[PDB]
Amino acid sequence: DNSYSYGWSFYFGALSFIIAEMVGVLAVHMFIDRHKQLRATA
Amino acid sequence: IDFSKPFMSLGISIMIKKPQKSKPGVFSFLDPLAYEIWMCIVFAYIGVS
């Protein structure tokens, strides 16, 4: 479709991305740890 | 009308806004790519990682 600028709803969707990837890492890190506990008892 | 002999000489000439210093910015190395690409390289680097 100028001085277009971005607002806080754009930067929330950008900040949401960052928090989602970090929780994804954290959730994988918990999955790894659950399975390592199983291997330990073995 | 009548005129005396001239008291001052002149010719038509051109006036311009002499110069334009344009001191380049400190963070000007990032001009080639727009601000969106840069922010989107940081987002496409966190995803890839």
# chains A, B, ... in the order shown; residues from 1 in each chain; ligands from 1
$ interface_residues --of "chain A" --to "chain B" --cutoff "9 Å" --atoms "only C-alpha atoms" --output "MDAnalysis selection string"
chainID A and resid 14 17:18 21
$ select_by_dssp --residues "chain A" --states "helix (DSSP H, G or I)" --output "PyMOL selection string"
chain A and resi 8-41
$ residues_around --residues "residue 6 of chain A" --least-positions-apart "5" --cutoff "12 Å" --atoms "only C-alpha atoms" --output "short mmCIF file (atom, residue, chain, number, x, y, z; two decimals) with C-alpha atoms, in the first residue's frame"
data_model
loop_
_atom_site.label_atom_id
_atom_site.label_comp_id
_atom_site.auth_asym_id
_atom_site.auth_seq_id
_atom_site.Cartn_x
_atom_site.Cartn_y
_atom_site.Cartn_z
CA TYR A 11 6.12 -4.79 20.41
CA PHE A 12 3.88 -7.05 22.48
CA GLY A 13 3.68 -9.50 19.59
CA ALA A 14 7.44 -9.19 19.25
CA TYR B 35 14.97 -1.36 10.44
CA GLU B 36 12.48 -4.18 9.82
#
$ atom_distance --atom1 "atom CA of residue 9 of chain A" --atom2 "atom CA of residue 22 of chain A"
20.0 Å
